[PDB]
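Q: Got input-v3.pdb for you, PDB, N, CA, C and O atoms:
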ATOM      1  N   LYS A   1      15.795   1.433  23.617  1.00  0.00           N
ATOM      2  CA  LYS A   1      15.239   1.996  22.372  1.00  0.00           C
ATOM      3  C   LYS A   1      13.753   1.685  22.266  1.00  0.00           C
ATOM      4  O   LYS A   1      13.288   0.706  22.845  1.00  0.00           O
ATOM      5  N   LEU A   2      13.005   2.516  21.530  1.00  0.00           N
ATOM      6  CA  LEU A   2      11.569   2.356  21.391  1.00  0.00           C
ATOM      7  C   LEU A   2      11.232   0.996  20.777  1.00  0.00           C
ATOM      8  O   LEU A   2      11.643   0.699  19.658  1.00  0.00           O
ATOM      9  N   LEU A   3      10.484   0.185  21.524  1.00  0.00           N
ATOM     10  CA  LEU A   3      10.025  -1.133  21.096  1.00  0.00           C
ATOM     11  C   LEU A   3       8.594  -1.374  21.569  1.00  0.00           C
ATOM     12  O   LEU A   3       8.099  -2.497  21.500  1.00  0.00           O
ATOM     13  N   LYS A   4       7.931  -0.318  22.051  1.00  0.00           N
ATOM     14  CA  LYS A   4       6.587  -0.423  22.604  1.00  0.00           C
ATOM     15  C   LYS A   4       5.596  -0.839  21.528  1.00  0.00           C
ATOM     16  O   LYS A   4       4.658  -1.586  21.804  1.00  0.00           O
ATOM     17  N   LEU A   5       5.799  -0.359  20.298  1.00  0.00           N
ATOM     18  CA  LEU A   5       4.937  -0.728  19.194  1.00  0.00           C
ATOM     19  C   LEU A   5       5.180  -2.189  18.823  1.00  0.00           C
ATOM     20  O   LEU A   5       4.258  -2.893  18.420  1.00  0.00           O
ATOM     21  N   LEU A   6       6.431  -2.641  18.965  1.00  0.00           N
ATOM     22  CA  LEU A   6       6.805  -3.996  18.600  1.00  0.00           C
ATOM     23  C   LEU A   6       6.125  -4.976  19.551  1.00  0.00           C
ATOM     24  O   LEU A   6       5.687  -6.051  19.140  1.00  0.00           O
ATOM     25  N   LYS A   7       6.023  -4.609  20.833  1.00  0.00           N
ATOM     26  CA  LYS A   7       5.357  -5.432  21.832  1.00  0.00           C
ATOM     27  C   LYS A   7       3.873  -5.559  21.502  1.00  0.00           C
ATOM     28  O   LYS A   7       3.295  -6.636  21.642  1.00  0.00           O
ATOM     29  N   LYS A   8       3.254  -4.461  21.063  1.00  0.00           N
ATOM     30  CA  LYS A   8       1.851  -4.456  20.671  1.00  0.00           C
ATOM     31  C   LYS A   8       1.620  -5.293  19.414  1.00  0.00           C
ATOM     32  O   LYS A   8       0.569  -5.914  19.280  1.00  0.00           O
ATOM     33  N   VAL A   9       2.585  -5.322  18.488  1.00  0.00           N
ATOM     34  CA  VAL A   9       2.449  -6.110  17.269  1.00  0.00           C
ATOM     35  C   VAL A   9       2.586  -7.586  17.634  1.00  0.00           C
ATOM     36  O   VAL A   9       1.849  -8.417  17.111  1.00  0.00           O
ATOM     37  N   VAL A  10       3.518  -7.927  18.529  1.00  0.00           N
ATOM     38  CA  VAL A  10       3.688  -9.310  18.959  1.00  0.00           C
ATOM     39  C   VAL A  10       2.440  -9.726  19.735  1.00  0.00           C
ATOM     40  O   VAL A  10       2.079 -10.900  19.737  1.00  0.00           O
ATOM     41  N   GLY A  11       1.773  -8.773  20.394  1.00  0.00           N
ATOM     42  CA  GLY A  11       0.548  -9.046  21.126  1.00  0.00           C
ATOM     43  C   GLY A  11      -0.627  -9.276  20.179  1.00  0.00           C
ATOM     44  O   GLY A  11      -1.574  -9.976  20.540  1.00  0.00           O
ATOM     45  N   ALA A  12      -0.581  -8.704  18.974  1.00  0.00           N
ATOM     46  CA  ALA A  12      -1.617  -8.903  17.972  1.00  0.00           C
ATOM     47  C   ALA A  12      -1.385 -10.214  17.209  1.00  0.00           C
ATOM     48  O   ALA A  12      -2.334 -10.818  16.711  1.00  0.00           O
ATOM     49  N   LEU A  13      -0.124 -10.648  17.125  1.00  0.00           N
ATOM     50  CA  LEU A  13       0.244 -11.911  16.499  1.00  0.00           C
ATOM     51  C   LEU A  13       0.033 -13.077  17.463  1.00  0.00           C
ATOM     52  O   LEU A  13       0.092 -14.240  17.055  1.00  0.00           O
ATOM     53  N   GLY A  14      -0.216 -12.774  18.740  1.00  0.00           N
ATOM     54  CA  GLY A  14      -0.463 -13.778  19.767  1.00  0.00           C
ATOM     55  C   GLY A  14       0.825 -14.454  20.235  1.00  0.00           C
ATOM     56  O   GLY A  14       0.772 -15.441  20.966  1.00  0.00           O
TER
END
Translate the structure of the given file into structure tokens.
A:
Amino acid sequence: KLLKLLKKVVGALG
């Protein structure tokens, strides 16, 4: 399932 945005958000949260 689409989680590509979630990976980018976790990448912004460090």
Q: How many Å separate atom N of residue 2 (chain A) from atom C of residue 14 (chain A)?
A: 20.9 Å
Q: Can you list, as a PyMOL selection string, every residue of chain A that DSSP puts in helix (DSSP H, G or I)?
A: chain A and resi 4-12
Q: Could you work out how far atom N of residue 1 (chain A) lies from atom O of residue 13 (chain A), giving the answer in Å with one decimal?
A: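 Result for atom O of residue 13 (chain A) versus atom N of residue 1 (chain A): 23.1 Å, one decimal.
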Q: What does chain A look like written to a file with C-alpha atoms, as a PDB file, in the first residue's frame?
A:
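Saved the output as result-v4.pdb:
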ATOM      1  CA  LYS A   1       0.000   0.000   0.000  1.00  0.00           C
ATOM      2  CA  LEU A   2       1.077   3.608  -0.615  1.00  0.00           C
ATOM      3  CA  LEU A   3       3.482   4.667   2.168  1.00  0.00           C
ATOM      4  CA  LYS A   4       5.946   6.738   0.109  1.00  0.00           C
ATOM      5  CA  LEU A   5       4.656   9.962   1.656  1.00  0.00           C
ATOM      6  CA  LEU A   6       4.951   8.400   5.119  1.00  0.00           C
ATOM      7  CA  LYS A   7       8.641   7.639   4.481  1.00  0.00           C
ATOM      8  CA  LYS A   8       9.194  11.279   3.464  1.00  0.00           C
ATOM      9  CA  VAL A   9       7.422  12.501   6.632  1.00  0.00           C
ATOM     10  CA  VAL A  10       9.562  10.193   8.808  1.00  0.00           C
ATOM     11  CA  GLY A  11      12.546  11.603   6.875  1.00  0.00           C
ATOM     12  CA  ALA A  12      11.470  15.158   7.808  1.00  0.00           C
ATOM     13  CA  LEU A  13      11.039  14.118  11.471  1.00  0.00           C
ATOM     14  CA  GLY A  14      14.586  12.681  11.340  1.00  0.00           C
TER      15      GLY A  14
END
